[PDB]
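Chains as they are written, first to last, in the entry's author numbering: chain A, 0 to 93, 220 to 397, 413 to 466; chain B, 0 to 93, 220 to 397, 413 to 466; chain C, 0 to 93, 220 to 397, 413 to 466; chain D, 0 to 93, 220 to 397, 413 to 466. Remarks on the structure that follows.
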Ligand SMILES: C[C@@H](Oc1ccc2ncc3c(c2c1)CCOC3)c1cncc(-c2nc(Cl)c[nH]2)c1
Ligand SMILES: C[C@@H](Oc1ccc2ncc3c(c2c1)CCOC3)c1cncc(-c2nc(Cl)c[nH]2)c1
Ligand SMILES: C[C@@H](Oc1ccc2ncc3c(c2c1)CCOC3)c1cncc(-c2nc(Cl)c[nH]2)c1
Ligand SMILES: C[C@@H](Oc1ccc2ncc3c(c2c1)CCOC3)c1cncc(-c2nc(Cl)c[nH]2)c1
Ligand SMILES: O=c1[nH]cnc2c1ncn2[C@@H]1O[C@H](COP(=O)(O)O)[C@@H](O)[C@H]1O
Ligand SMILES: O=c1[nH]cnc2c1ncn2[C@@H]1O[C@H](COP(=O)(O)O)[C@@H](O)[C@H]1O
Ligand SMILES: O=c1[nH]cnc2c1ncn2[C@@H]1O[C@H](COP(=O)(O)O)[C@@H](O)[C@H]1O
Ligand SMILES: O=c1[nH]cnc2c1ncn2[C@@H]1O[C@H](COP(=O)(O)O)[C@@H](O)[C@H]1O
C-alpha cells in the first residue's frame, strides 16, 4: 500500500547527470535555439526571465525580448504599475511580454488591466500549483480571456501536470524547491530534484502535446541544456540574470566590489502570516544582459554540437544522459 | 545465515529524503497539528521538549504546554527537586507535564514522588531501551502505577519496539545515535539512521495501535514533518529549544554574542565509570520559546499544505518521500 | 524507446574505483612498461605528453622520448614553426615524435610540412571527434599519407570509437570532459566519467585489434594504472607535466614560490567566436621531467606488483577493480 | 569473462556502516574482551600495537601486554637491537611479545635471534602478502621454528587468506591501503576498503578455523568494534597509539602545543629504490597508554552492550550492520 511505497521513489538533480556526446553533423554556431511554447508564443532562444522583484520589470523584458527570449513582470507592486510595465515593452517594437498573477481577490482586476495593456501570456505564479485554489483560478482565466496564453505552476509531478493541463493551462511551470534562493526544502521538507521533476512532468506533457517550463536551480549554461534535454521546452532564470544592469535592483558597492541584491519572492523583504520560504542575498554585478545571454547560449550551442542536436525537439526527444556519483 | 546477512540492511537519514508535493485542498494556516499519544494524553502541536539538563525544567514545560506541547523534566537532579518541578507546571493552569526516570535503585522512590505531584506521563529515559533491566522496569512501573501513561526508550528496531509494547509501554521512544550532541556512532560504532529507525518502529507500532516518539536529529522544521511523515506521532527536540530563554541554562556572552550552553546527558558535565557518549557545546540565544515554535510549526503547516495533509494521521499514512544523493 | 532510456546509463570516474591486489610473481622493479600502439610506434613507458601550448614543444618531446615516452607538438603556432619543432626531436638521436592537426583549411598544408620534417604520428586534435568534419578528415589523412600513424579524437563511446577506426584511425583518443583544466562539463553539460569512457571505448577497440589513448583526468600515478587497467594502452598527461622545466611555459615567482602557467587549449588565452571550454591557471614548478616520470612510473610499477601484472596486456585484460563510495 | 567482471565488485569502509542495536542481557562493564588468536597466544583485550618505528619498541609492548594486549617490535633497526627489545618485555613479568620480519637475506638470522630472546609470535610484515617471496618465507619459518606462532600479511582477499593459511600461517593480517598514513591508494591505485577486506578474509578464515588481524584505518573506538564485528579477531592500531608517551618517538613542542611524530613504514624517513607509499606527519601527545586504552575499550564495551555481544565470538558471528550514505 501507501505505507510500503513511502521510500520507493529515487530522484536526480543537475549535478547527478551529464549528457552523452553523440554523432554530430551540425556546428554549434548553426544549431536552432527556437521553441514554440503555444500557438501564439514562439521564442528565438529557450530562455525566460523570472517573475521576481530583483529580476524582471520592463527593462529586463525589453532586453530579453530583443535577444530572442521573454520576461515575466512580477506581481509584487501596484495593479496600476504592473499594467504600465506591459505597455512599455509593447511600445518598444511590438515585443513578446508576460506577467504574473496570484489566486487572491486582486487577481480578477489585475488580469484585466494586463490584457488591456497588450500582454501575450498570463502566469499563475504560485508556490504550490497542485492546490484547489489554483485549479479553479486556471479554469476562470481561460474562461474569461481564452485568447491569452496561460502558464500555470509551480508543480513537480505528472499528476499535478495532468490536472493543470485539464483545468485550462497551455504551459505548465516545473519547479518545487530547486531555486538557488529557495529554502522550501529546509523549511517545509518538500521538494523534487529538478532533473526528475522536469522528466516526470514532460512525460505527462507529451500525452497532451503541451509545453513545460523548467523553472529554477540553473547555475550555468550546462544546466540549461540538461534541463531542456530532460524534457523542458524553455528555461526560467532568476539568479543568472539578477546581476545584469537590466534587473530592477539598484547597483551598490562593498569593499570596492559591485553587487546587485537578489532575493526570493517568499523572503521577508518581498512579502512586505506566512513563514519565510526564501532568503535575501547579494550577487556580483554582471553588466549587460546581452553578454550574459551570449555566454549562456554559447554553452547550449556547444552542448547541442556535442549531442548532435540540430534543434530543441531532437535534444528533448533523443539526447541521452549518464548518471555519476559526487 | 547471520554471517551472510551482516551487510544486507540499508538505512536513510533526514538529508537523504524529501516529501513529494501532492493534491491540496487545505491551506497551511488551517491544517490540524493535534495528536493523541495515549488515552489520557493529547497535544495541540506534535512537539515534546527533551528530558535534558540544558533543555527542560518547569519553565520549559510551562511554555511548551502553553503553546500546545509537552515538556519532560530531566532526572539529573535531586529526587525532591524533580517532584517540586512537576507541582509548578500543574499550579500554572493544570497543564500536561512529563518526567524522566532510570532503571537504578533510586527509580522506585523517584516514580512515587513524581506521580504524587500530579505528573501525567513517566519516561524511562535510557541509552539502550532493548536491555533486560529496562524490560523489567517497564513491567514494574505499569504494575505499580497503571493510571500513569508510560513512555519507554530509546530503541531503533521493530523487535525492540515490539518487546517494550509487550512489556507495558504505551509510547515507544525512537532514536539510537541521531542526536546533534550524540557521539554514540563514533564511540560505540552503533546507530540506525533516524528516518529508517522511525519507519521500522512505526511499522511495528501500527500492529499494536500504539504511539512512537521520533527522538533526535531534527535540525529544522523540515526535519519535523519528515520525522512525522516517516511514522512518528510526535517529535522530541533538544538542540532547537536549548537556545530559548525558557531553558535552564544561564545566558552568557562571548565576543559581544549571546550564547546558551547545550550538552548531552552522556557528556562528562552531565554525568557529574561510563565512557562519555555525548559532548558539551554552546548554542546561540534564540529568545522566547513562542517565537521558535511559531517558526517551526509554520514550516510544518507549510509542508502539510504541500503534501495535502489535513492532519498528522494523513501525513503518517499517505505522504510519499523521494530519495536523492548528496 | 529513447525517452525511456534517457537516464539508464551509470558511469565511473577514477575516485570511484581501486585495483584489487592479486597473486604476484614479479617485483615492481622488473615489470614490463612497454606498449605497441601501432605497427610503427612502440614506447618503453605508456606515457604521452599532451598536445598543449603549456605542455609540449621540442624540449618536452625530446625529454619524453629519452625517458621512453612520446610528445605531441601543439598546433597553436605558425605552420613553419611546428615543422621546425619536429626536425629538432629527430636530430636529437632519431627519437619518436608526434604532432597535432585540426579540420580547418590550414590542415592540408600543415600535415605535409610535419611529415616532411620526419614525424612518426599525426594527431587529429578535436574537442568532438564524433563530428562529420573529423570523420572526413580522418579518411583524407590516411588516403594522402598512409605510411604515417594516425591518432584521432576525442571520443567517449563505443559507437564513436567504431566510426573513427572504420574511417581510417590507427589509435582512438578517449576523453570528453575529464581534464583538470576542462570546463566542458560546466559550460556544455556534456561528458562521460573517464573510467567508463576508457572501458566502453576499449570494449570496441578489442573488436578491431586497435589502440586507445586514455586522455585526461589523471592527477597521480594511481590514476595512470587505473586508466591503463580500465583498457587504455597509453596515458596522456597535461597537468602532471606542465610544471616541469621542459614545458614551453616561462618560470615565474609569486610570494617566494616558483610557478609555471598551465591553461586549456579552449581557454581565452590559447584561442588568441567560440565560447571558452577551458580555464587559465598556475601550477607549482616540478623541476626536471626525469624526476616526475620516475615518481609516476614507480607508482605504476608498484601497482603492477600489487595486481601481479607482468606487463600492460595482463593489466588491461585481467586486472579487477572494486567500486566504493566517497 | 575477466573483462566483463572488471567493475562487478562493491566494497565498504568504516564510515559506510553502523552496528544495529540488539537484545541485551549483559552490561558494558561485564562483557568479555578476551580472544584466542592461536593455541599458544591469548589476549585480555583484542588490541595489538603496530610493527612501526613511531609506534612499538619494548616500552609500548610492556604497557600493551600489561593492559591485556600485545606489541609488535618493528624491524627498522639493527638485528642485535631487535633481539635486545624482546628480552626486556620477557624480563618485565613474563609478558606476551611479538616481532616483525621481512623476506630478504637478513630475515633467516633475524628470526633466530628473536626466538632465542623468548618471542611468542613472529610477524612477516610485508606491503603485499600475496607475493611468491612471502609464500615461500611463510613455509620456511614454520619449517624452521614450528613452536612459534606465525602471523603473515598484509592481504585483502579470500584467495590471499587461503594461500597464506595453506603455506603455514597461523594468523592472517588484513589491510591493503586503509592506514591513516598510507598513500598506496594514491600512489599504486590499489586497495580494498577495510570493512569488506576484513569480511572477505574472515569468510575464508572460518573455513580453516584460523585467526585474522584487522589491520589499519581505525580512527576511534567505534571503528574497533566495527572491525571486530566484520570478522576480525583482534585490531592493529598505529595512529591511535603513536601519541602516547610509551611510543619510541621523542616528545616535541610547536606553538605551545605538545606533539609526537608518526610516520608510515614506507615513508622516506623510515626507508633510510622503492617509490614512497607512506607519509611523515605529527600527532598530538596523548599521555599514558593506559588512559588511551581505557577510553577505546570503554567504547567497545559500550557497543557490545548495544549489540548484546557477551563476548567477541558473539560479535563476530551474530552482530548485524546497516549501510548508509555520506
Ligand atoms: C512564503 C512563500 O514562498 C514562496 C514564494 C514564491 C515561490 N515561488 C516559486 C516556488 C516556491 C515559492 C515559495 C516554493 C516551491 O518552489 C517554487 C509562499 C507564498 N505563498 C504560498 C506559500 C505556500 N503554499 C503552500 Cl501549500 C505552502 N506554502 C508560500
Ligand atoms: C554515557 C551515557 O550516554 C547516553 C546518555 C543519554 C542518552 N540518551 C539518549 C540516547 C543515547 C544516550 C547515551 C545514546 C543512543 O541514542 C539515544 C550512557 C548512560 N547510560 C548507559 C549507557 C550505555 N548503555 C549501553 Cl548498553 C551502552 N552505553 C550510556
Ligand atoms: C573552446 C574549445 O574547447 C576545447 C579545446 C580543446 C579541447 N581538447 C580536448 C577536449 C576538449 C576540448 C575543448 C573538450 C572535451 O574533452 C576533450 C573548442 C574548440 N573547438 C571546438 C569546440 C566544440 N566543438 C563542439 Cl561540437 C562543441 N565545442 C570547442
Ligand atoms: C614503500 C613501502 O611501502 C609500504 C611499507 C609498509 C607497509 N605496511 C603495510 C601496508 C602497506 C605498506 C607499504 C601498503 C598496503 O597496506 C598495508 C614498500 C615496501 N616494500 C614493498 C613494497 C611494495 N611491494 C609491492 Cl608488490 C608493491 N610495493 C612497498
Ligand atoms: O522565495 C522563494 N522560495 C522558493 N522558490 C522561489 C522563491 N522565489 C522564487 N522562487 C523560484 O526560484 C526560481 C529562480 O531560480 P534560480 O535561477 O535557481 O534562482 C523562480 O523562477 C521561482 O520559481
Ligand atoms: O549524551 C548523549 N548521547 C547521545 N544521545 C543523547 C545524549 N543526550 C541526549 N541524547 C538524545 O539526543 C536527543 C536530542 O536530540 P537533538 O535535538 O538532535 O539534539 C535527546 O532527546 C536524547 O534522546
Ligand atoms: O580547454 C580545454 N577544454 C577541455 N579539455 C581540454 C582543454 N585543453 C585540453 N584539454 C584536454 O585535457 C587533457 C589534459 O588532461 P589533464 O592531465 O587532466 O590536465 C588534454 O590532453 C586534452 O585532451
Ligand atoms: O607507509 C606505509 N604505507 C601503507 N601502509 C602502512 C605504512 N606503514 C604502515 N602501514 C600500515 O598501516 C597500519 C597503521 O594503521 P592506522 O592505525 O590507520 O594508522 C600499520 O599497522 C600497517 O599495516
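We treat Cβ as the ideally placed atom computed from N, Cα and C, and that holds for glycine.
Extent of the continuous alpha helix (DSSP H) to which residue i belongs
i	result
residue 290 of chain D	283-292
residue 419 of chain A	First-last for residue 419 of chain A: undefined, no H or E at that position.
residue 330 of chain D	319-330
residue 347 of chain C	346-354
residue 382 of chain C	From DSSP, residue 382 of chain C is part of no alpha helix (DSSP H) but of the beta strand (DSSP E) over 382-388.
residue 57 of chain B	57-65
residue 87 of chain A	78-89
residue 462 of chain C	Looking at the DSSP string, residue 462 of chain C is not in any alpha helix (DSSP H); the run it does join, the beta strand (DSSP E), is 461-463.
Whole-angstrom distance between residue j and residue i, CA atom to CA atom
i	j	result
residue 235 of chain A	residue 78 of chain A	6 Å
residue 378 of chain C	residue 424 of chain C	10 Å
residue 348 of chain D	residue 466 of chain D	16 Å
residue 454 of chain D	residue 23 of chain D	12 Å
residue 58 of chain D	residue 90 of chain D	12 Å
residue 284 of chain D	residue 266 of chain C	51 Å
residue 82 of chain C	residue 223 of chain C	11 Å
residue 264 of chain D	residue 297 of chain D	14 Å
residue 229 of chain C	residue 262 of chain C	9 Å
Neighbouring residues, chain B, relative to residue i (Cβ below 9 Å)
i	result
residue 303 of chain A	Those within 9 Å of residue 303 of chain A in chain B number zero; the least Cβ separation is about 11 Å.
residue 318 of chain A	17, 462, 464 and 465
Segment limits, beta strand (DSSP E) that includes residue i
i	result
residue 484 of chain C	Look at the range of chain C in this structure, 0 to 466, and you will see that residue 484 of chain C is not part of it.
residue 245 of chain A	Taken as a continuous stretch (DSSP letters only), residue 245 of chain A belongs to no beta strand (DSSP E), as it is neither H nor E.
residue 276 of chain D	274-280
Chain A residues whose Cβ lies nearer than 7 Å to that of residue i
i	result
residue 457 of chain B	1 and 2
Neighbouring residues, chain B, relative to residue i (Cβ below 7 Å)
i	result
residue 314 of chain A	17, 18, 347, 348, 350, 351 and 443
Under 7 Å by beta carbon: chain C residues contacting residue i
i	result
residue 311 of chain D	345 and 347
residue 538 of chain D	This structure leaves residue 538 of chain D out entirely; chain D is present only between 0 and 466.
Per-residue contacts from residue i into chain A (C-beta, under 8 Å)
i	result
residue 288 of chain B	None at all; the shortest Cβ gap to chain A is about 22 Å.
Chain-ordered chain A contacts of residue i [CB-CB under 9 Å]
i	result
residue 229 of chain C	In chain order: nothing, as chain A lies at least about 12 Å away.
Contact list for residue i against chain C, beta-carbon separation under 8 Å
i	result
residue 253 of chain D	20, 23, 445 and 446
Proximal residues of chain D, C-beta to C-beta of residue i below 8 Å
i	result
residue 324 of chain C	5 and 6
_Please identify, using Cβ separations under 7 Å, the residues of the region 339-364 of chain B that lie next to chain A, in order along the chain._
345, 346, 347, 348, 350 and 351
*Relative to chain D, which residues along the region 2-21 of chain B have a C-beta separation below 9 Å, given in chain order?*
2, 4, 5, 6, 7, 8, 9, 10, 11, 12, 14 and 15
_Tell me whether the region 56-71 of chain D and the region 384-394 of chain D touch, counting them as touching only if at least three CB pairs, one residue from each stretch, are closer than 8 Å._
no
_Contact the region 310-326 of chain D vs the region 361-375 of chain D: 3+ CB pairs below 8 Å_ = no
*What residues in the region 269-281 of chain A have a beta carbon less than 8 Å from any beta carbon of chain B?*
280 and 281
*If we count Cβ pairs, one from each stretch, closer than 8 Å, do we get three or more for the region 235-254 of chain A versus the region 37-57 of chain A?*
Contact between the region 235-254 of chain A and the region 37-57 of chain A is present, because at least three Cβ pairs lie under 8 Å.
_Residues, ordered as in the chain, of the region 24-42 of chain D that lie near chain B by beta-carbon distance below 7 Å_ = 24
*Given a limit of 9 Å on CB to CB distance, which residues of the region 415-443 of chain D reach chain C?*
Within the region 415-443 of chain D, the qualifying residues are 415, 416 and 417.
*Are three or more beta carbon pairs between the region 445-465 of chain A and the region 9-26 of chain A nearer than 8 Å?*
yes
*Is the region 11-20 of chain B touching the region 338-352 of chain C, taking contact as three or more C-beta pairs under 8 Å?*
no
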